[PDB]
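Values below: all heavy atoms of this structure, side chains included; hydrogens, waters and symmetry mates excluded. In this chain, numbering begins with 1 at the start of the sequence shown.
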Amino acid sequence: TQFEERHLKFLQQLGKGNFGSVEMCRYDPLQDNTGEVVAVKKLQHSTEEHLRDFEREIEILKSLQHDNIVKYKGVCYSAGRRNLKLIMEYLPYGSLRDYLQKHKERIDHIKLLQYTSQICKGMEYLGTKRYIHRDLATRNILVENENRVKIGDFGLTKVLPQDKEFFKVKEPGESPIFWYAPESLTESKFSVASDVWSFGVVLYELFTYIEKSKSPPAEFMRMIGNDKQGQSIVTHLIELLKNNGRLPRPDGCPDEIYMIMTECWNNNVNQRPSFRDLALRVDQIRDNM
Ligand SMILES: Cc1[nH]nc2[nH]c(=O)cc(-c3ccccc3)c12
């Protein structure tokens, strides 16, 4: 879990996450090829704040061990221990968002339901730590193989206080608003229940197959008026959601699955299902058949 900079060998640039870039590297202490391939996260701007944030992600990630959560491996104190890099497992098939677009040939509803279940279970696990993810979306889930997805992107995750069921985030500025529960948009309140709302959007994403014009931003913007810019977008999204405006049932999506979506998208926070409810329902659906 302490990786030496001189043995971390660059292989590929991957995405460019919030703190900075992510690379695929080979860790080869024996210097001969033959090491483990890993993902290495870097911090672009190591300010007092960005570092504190990066360090918080590391603690969080180091504290989780679950089949459907990306593996923490360690840290690398490069530049003479004057820089730090997070070392994680490398999942070869990238984000669930890209996978669904690139590998339709090997995806059916059963696979979609498997992914759905796996995400729910990772989310049950986070809840036992009182962690709120706050950023659930297929772009933030990673694919190990055709049978296995893992939740990643713990850069925005927060811990609920001892006895507070919600966390108010001082000011969400430049947010993924189209995944957010109304009370997150209106009050900056995040909770297990707001994660459930977002999971609903994730379930929608799965069944739209990240198709051309059916993404949540595209759909919401169609409903609201594609003309709209800046804050009018937010104003109209809120008003829309408050009075039961919802994303449409994807083409070929079963009614039973759309109902799961609609139950997650309850304005009434308490009435949303739990992740435990959701895992059971999805697994039962799979097991019937
Ligand atoms: C963190 C990670 N582990 N394995 C990965 N495979 C990828 O294709 C992409 C990432 C990644 C995750 C977050 C931000 C950028 C890239 C990734």
### Task
Using only heavy-atom distances, determine whether the side chains of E239 and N243 contain a donor-acceptor pair under 3.5 Å.
yes
### Message
Quick check: do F220 and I177 have side-chain heavy atoms less than 4.5 Å from each other?
### Response
no
### Query
Is the shortest side-chain N to carboxylate O distance from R56 to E59 below 4.0 Å?
no
### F190 and its ring-ring contact (aromatic ring centres under 6.0 Å, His included) partner, picked from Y180, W197, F166, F167
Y180
### Message
Are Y93 and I107 connected into the same hydrophobic cluster when the rule is that any two of I, L, V, M, F, W, Y join if their side-chain heavy atoms are below 4.5 Å apart?
### Response
yes
### Query
Quick check: are there more than 12 heavy atoms from other residues, nucleotides or ligands sitting under 6.0 Å from CZ of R276?
no
### Hydrophobic cluster identity match, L30 and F10, side-chain contacts under 4.5 Å
no
### Message
Assess, by modelled atom type and distance only, whether the side chains of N147 and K111 contain a donor and an acceptor separated by less than 3.5 Å.
### Response
yes
### Task
Check the side chains of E165 and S191 for a donor-acceptor pair under 3.5 angstrom, ignoring hydrogens and angles.
no
### Task
Describe, in one word, how the ring planes of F54 and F19 are oriented to each other, choosing from parallel (under 30°), tilted (30 to 60°) and perpendicular (over 60°).
tilted
### Query
Hey, does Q31 have a side-chain heavy atom less than 4.5 Å from the side chain of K9?
yes
### Query
Hey, is CD on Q162 packed in by over 12 heavy atoms from elsewhere, all under 6.0 Å?
no
### Minimum side-chain heavy-atom gap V149-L91 below 4.5 Å
no
### ring pair (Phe, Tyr, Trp, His ring centres under 6.0 Å) contacts touching residues 140-159 (sequence neighbours left out)
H133-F154
### Query
Is it true that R130 and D163 make a salt bridge, defined as a side-chain N closer than 4.0 Å to a carboxylate O?
no
### Task
Hydrophobic side-chain clustering at under 4.5 Å (ILVMFWY, transitive links): who's grouped with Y90? Put none if nobody.
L11, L14, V22, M24, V37
### Query
Any chain of hydrophobic side-chain contacts (each under 4.5 Å) joining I69 to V38?
no
### Query
Restricting to pairs with a member in residues 64-77, which pass side chain to side chain donor-acceptor pair (under 3.5 Å), not counting sequence neighbours?
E36-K73
### Message
Contact between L136 and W179 at the side-chain level, heavy atoms closer than 4.5 Å - yes or no?
### Response
no
### Query
Hydrophobic clusters join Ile, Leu, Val, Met, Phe, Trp and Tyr when side-chain heavy atoms are under 4.5 Å apart, directly or via other members; which others share one with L156?
none
### Query
Do the charged groups of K214 and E205 touch, with an N to O distance under 4.0 Å?
no
### Task
Mind checking side-chain contact (heavy atoms from CB on, under 4.5 Å) for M261 and listing every partner two or more places apart, or none if nothing turns up?
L203, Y204, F207, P250, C253, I257, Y258, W265
### Message
Is a donor from one side chain sitting under 3.5 angstrom from an acceptor on the other, for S21 and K16?
### Response
no
### Task
Considering only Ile, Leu, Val, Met, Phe, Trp and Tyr, and joining two whenever side-chain heavy atoms are under 4.5 Å apart, list the other residues clustered with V269.
none
### Message
With clusters defined by side-chain heavy atoms of hydrophobic residues (ILVMFWY) lying less than 4.5 Å apart, directly or transitively, does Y131 cluster with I141?
### Response
yes
